[PDB]
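Each chain, written out:
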Amino acid sequence: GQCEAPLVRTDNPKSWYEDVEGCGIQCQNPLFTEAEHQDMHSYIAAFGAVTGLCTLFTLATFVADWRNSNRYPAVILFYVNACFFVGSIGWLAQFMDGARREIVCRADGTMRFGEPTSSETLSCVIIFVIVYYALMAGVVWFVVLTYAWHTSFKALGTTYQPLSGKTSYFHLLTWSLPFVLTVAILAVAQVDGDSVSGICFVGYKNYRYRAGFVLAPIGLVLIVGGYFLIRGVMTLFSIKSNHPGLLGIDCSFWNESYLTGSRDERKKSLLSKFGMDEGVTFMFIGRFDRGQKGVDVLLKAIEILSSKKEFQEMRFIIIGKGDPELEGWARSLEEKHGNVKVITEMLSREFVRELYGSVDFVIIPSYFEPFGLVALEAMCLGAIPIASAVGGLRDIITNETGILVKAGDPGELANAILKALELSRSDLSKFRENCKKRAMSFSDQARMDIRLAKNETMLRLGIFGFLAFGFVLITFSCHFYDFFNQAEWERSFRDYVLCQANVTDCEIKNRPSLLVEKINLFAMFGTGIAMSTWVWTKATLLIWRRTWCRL
Ligand SMILES: CC(C)CCC[C@@H](C)[C@H]1CC[C@H]2[C@@H]3CC=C4C[C@@H](O)CC[C@]4(C)[C@H]3CC[C@]12C
């Protein structure tokens, strides 16, 4: 009945150490002393309390006005805060009286490992699933947050709400995936306790399961989250370089005051410069590519259009360079039909701005268009677009704004040009007015989609996307570091424990670093705290101020 510390005597055949019959390992990490146990427990308490309180307040803010705040692209972070709140409560459970022994220790006083098991209680499993599910549920929402930001740039020039029909689709995948992982861990009975952290978690006894079920899934969400974030940056940077100020009023390289004179006066000036007489002007600018922009379609349409008697009533201009055969084809038509201008050089932005604001119609014969930002500048300048019904550009152009055609059909395109002539013989003022109003608006007029309203889902969302990414990257690094060195610490732990009995000095080769543990906790709690600032604005204070006035 004798066992030497750190081992204790028990009658459980499942608690005995490798060959030491009757003796198992006490429920106290032998590689750390009491003083640093109290330090770590105090450290956890501070972050847990702060995360719980601040996260709960944000959740209270959303439900205070759920009828108006329940808007899909702006409530992704609400579920993120919900996930982290549950995780925080899971961590804080250990600070109830006697909780650590009931959670970490077996009834015989030995360390819990290999849970679940029918011979012990459910306290270790309950804490494990709460914390682990909360962790994985949160980071799965994070990749949804970045994806929403990536697609939120489609909410310009249209009324269509992206992902409006996919809200339940995300939810089912978001909650199902962490549930599957949780069940997989329980199926292999790898839930182990640790007095240092104060909770049960994966793979303390075997590093391989901790790498598989924690490190690996966290790595994948970082890859996906980074991918969408990178594309979002390219979109946002591309906007500011080319069309900055595509925002609440209008202020860019375009402005109403930059161009002078009437529409006809500028048209006559440009046509004089090109040696052309008055007519209905159709303009296209773009790269002379194949399969991406229909330059071949546009050029072929002119050949078909050349047979009509109305051909002499219209004026054309093509700007761009690229494949030399398209360039030769365009120049040949220029000489064959002396009513079209061909430009292959680099054209200044100043010239383009005046050209866009003078030409009657702009042609966009694309084969693919991401979401149609290139068509918005022409609409801002009063041009009436004719475009292929491809990509996300179909959501911008409507019957009262322009003409859509099937891609690849030069005959249909020519018919659309003939339709443009029918409109051009009448008053086009309504079409130009609709083009400007639509391009600088969206249908989310809950509070006047202006710079104080729509920047929420373009700029503010972007900040939190990268902010969450940073903390999750730190968490990945901590687990990555431990995984590299866990194998040696296991060997050290084995060697250290054996010499303790002294059955006639022991030394610790190495151990897990408490500093890495603190940083990992900081990043985990930091994400919950960081995402709790979404509602830190003046408007929410007013809501709370009036909410308190229910009294
Ligand atoms: C490597 C990537 C994923 C990191 C995250 C992307 C970073 C670089 C992006 C995402 C969000 C972006 C910011 C979003 C907010 C604004 C406000 C805007 O008025 C000016 C640009 C500015 C300041 C952006 C600068 C670049 C930014 C911080």
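Residues numbered from 1 in each chain as written, not as in the entry; some residues may be left out. Heavy atoms only, no water.

cryo-EM is the method the PDB entry states for this structure, with the resolution given as 3.7 Å.

Enquirer: Describe the site of the ligand, with residues and values.
Expert: Near the ligand the following residues occur: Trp 149, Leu 229, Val 233, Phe 237, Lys 240, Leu 459, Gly 462, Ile 463 and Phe 466. In isolation the ligand has 600 Å² of accessible area, and contact with the protein removes 58% of it. Those elements giving two or more residues to the shell around the ligand turn out to be α7 (207–242) and α15 (460–498). Considering every element that reaches the shell around the ligand, the biggest residue donor is α7, with 4 residues. Residues of the shell around the ligand, tallied by class, amount to 7 nonpolar, 1 polar and 1 charged. (Near = heavy atom within 4 Å. Areas by Shrake-Rupley, 256 points an atom, 1.4 Å probe, with all protein chains shown as cover. Helix = DSSP H or I, 4+ residues; strand = E, 2+ residues; numbered from the N terminus. Nonpolar A, V, L, I, M, F, W, Y, C, P; charged D, E, K, R; others polar.)

Enquirer: Describe the pattern of salt bridges, listing the residues and the values that go with them.
Expert: Applying the stated criterion to the full structure yields 15 salt bridges. Residue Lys 267 pairs with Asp 264 through a salt bridge whose shortest N-O separation is 3.2 Å. Of this pair, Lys 267 and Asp 264 are both found in helix α8 (residues 263–273), 3 residues apart, which corresponds to roughly one turn of the helix. The buried category is assigned to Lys 267, whose relative accessible area is 14%. Given the relative accessible area of 41%, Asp 264 is considered partly exposed. For the salt bridge of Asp 495 with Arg 494, the shortest nitrogen-to-oxygen distance reads 3.1 Å. (Salt bridge = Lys/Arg side-chain N within 4 Å of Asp/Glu carboxyl O. Buried < 20%, exposed > 50% of the residue type's maximum accessible area, 1.4 Å probe, protein only.)

Enquirer: Give a detailed account of the state of the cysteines, specifying residues and quantitative values.
Expert: Each disulfide consists of a covalent bond between the sulfur atoms of two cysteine residues. What the rule picks out here adds up to 4 disulfides. Each disulfide pairs two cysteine sulfurs, and for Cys 3 the partner residue is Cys 23, the sulfurs being separated by 2.0 Å. One disulfide, between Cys 3 and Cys 23, carries an S-S torsion of -85° and so falls in the left-handed class. Within this pair, whereas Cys 3 is found in the segment before β1 (7–9), its partner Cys 23 is found in strand β2 (residues 23–25), the two being separated by 20 residues in sequence. Between the sulfur atoms of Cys 499 and its disulfide mate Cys 506 the distance is 2.0 Å. (Disulfide = S-S within 2.5 Å.)

Enquirer: So what's going on with the domain arrangement of the protein? Which residues, and what values?
Expert: Each assigned domain of the protein is listed here: domain 1 (34–242 + 471–484 + 513–548) and domain 2 (263–439). For domain 1 and domain 2, the distance between their C-alpha centroids amounts to 51 Å. Viewed at the interface, domain 2 and domain 1 are joined by 0 salt bridges. Between the two partners, domain 1 and domain 2, sit 3 residue pairs in polar contact. (Domains from an automatic or database assignment. Polar contact = N/O pair within 3.5 Å; in protein donor to acceptor, adjacent residues only side chain to side chain.)

Enquirer: Residue-level account of the packing of aromatic side chains, with values.
Expert: Taken as a whole and assessed by the stated rule, the structure comprises 30 aromatic pairs. For the ring pair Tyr 227 and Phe 228, a centre distance of 5.6 Å and an interplane angle of 65° mean the geometry is edge-to-face. Taking the relative accessible area as the measure of exposure, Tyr 227 reaches 48% and is therefore partly exposed. Over the ring of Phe 253 we find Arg 349; its NZ or CZ atom is 4.7 Å from the centre of that ring. Sitting over the ring of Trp 534, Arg 460 keeps its end group 5.5 Å from the ring centre. (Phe/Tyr/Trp six-rings, centres within 6.5 Å; stacked < 30°, edge-to-face > 60°. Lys NZ or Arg CZ within 6 Å of the ring centre and 35° of its normal.)

Enquirer: Now, about the packing of helix α3 (residues 76–92) against helix α5 (residues 123–152): what can you tell me, with residues and values included?
Expert: For any two helices packed against each other, the geometry comes down to the angle between their axes and how far apart the axes lie. Where α3 contacts α5, the axes come no closer than 8 Å and their chain directions differ by 160°. Taken together, the axes of α3 and α5 are roughly antiparallel relative to one another. Regarding α3 and α5, the two cross each other, and that crossing is left-handed. Residues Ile 76, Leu 77, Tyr 79, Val 80, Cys 83, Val 86, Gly 87, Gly 90 and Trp 91 of α3 form the contact with α5, whose own contacting residues are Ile 127, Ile 130, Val 131, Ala 134, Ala 137, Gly 138, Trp 141, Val 144, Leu 145 and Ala 148. In terms of residue class, the contact of α3 with α5 is built from 16 nonpolar, 3 polar and no charged. (Axes fitted to C-alpha atoms, helices over the stretch in contact; angles between N-to-C directions. Parallel < 35°, antiparallel > 145°, perpendicular 65-115°, else oblique. Left-handed = near helix turned anticlockwise from the far one by under 90°. Contact = heavy atoms within 4.5 Å.)

Enquirer: Could you give an account of the sheet that holds strand β5 (residues 280–285), naming the residues involved and the relevant values?
Expert: A sheet is described by the order of its strands in space; here 6 strands give the open sequence β7-β6-β5-β8-β9-β10, paired in parallel fashion. This sheet does not close on itself; its edge strands, each paired only once, are β7 (340–343) and β10 (403–405). Taking the axes of each pair of neighbouring strands and ignoring which way they run, one obtains an average angle of 15° across the sheet. Where β5 meets strand β6 (residues 314–319), 6 bridges bridge the pair, whose relative direction is parallel. Counterpart to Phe 282 in the pairing with β6 is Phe 316. In this fold helix α13 (residues 410–424) packs onto β5, β6, β8 (361–364), β9 (384–388) and β10, with an angle of close to 170° to the strand it touches most, β10. (Pairing = 2+ DSSP bridges.)

Enquirer: Break down the UniProt feature "transmembrane region" in the protein for me, with residues and values.
Expert: Sequence positions flagged by UniProt for "transmembrane region" are, in local numbering, residues 44–64, 72–92, 125–145, 169–189, 213–233, 461–481 and 524–544. Structurally, residues 72–92 is divided into 81% helix and 0% strand, and its ends, taken at the C-alpha atoms, are 31 Å apart. The distance from the first to the last C-alpha atom of residues 169–189 is 31 Å, and the span holds 95% helix and 0% strand. (UniProt positions renumbered as here; feature names shortened; annotations may be inferred.)

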